[PDB]
């Protein structure tokens, strides 16, 4: 799974994000919609203007899913079961969109916590999101 150093960096870094988890997931989805416009198609039902309520509310759901996964770093497949089948099977999300959101979460976190995003935290949070993306993309492979 992650090495023990990686788990420790992921847990502390997401631990000190704290209450801002919801806000960061929200701003991560905005930076992916603007920066990568092909991703706007999965959300037509939404209003995608800066500060939209649906984007704020869904931003909390994404971060709460990443706190469950920071909580169970070894139960990661079991923990994200419903979410792997909802993404691969039901929403058929293209794999690359998970590499784009992950990029916008590392940009959001650097912007808000310059202090904490040292190079090793950065490396542990990328391996953490690449393994979260592998679980969600697992019905494809």
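Numbering follows the first chain given and starts at 1.
Report task. Would you determine, from the values in the PDB entry, which of 71-79 and 88-96 has the greater average C-alpha temperature factor? Result -> It is 71-79 that shows the higher mean C-alpha B-factor.
**Report entry** Of 44-52 and 101-109, the one with larger mean CA B-factor
**Finding:** The recorded data point to 44-52.
Query raised in the report: What third of the chain, by the recorded C-alpha B-factor, contains residue 19?
Result: Middle third of the chain for residue 19's C-alpha B-factor.
Query raised in the report: Based on the entry's values, in what third of the chain does the Cα temperature factor of residue 27 lie: lowest, middle or highest?
Result: As the PDB entry reports it, the C-alpha B-factor of residue 27 lands in the lowest third of its chain.
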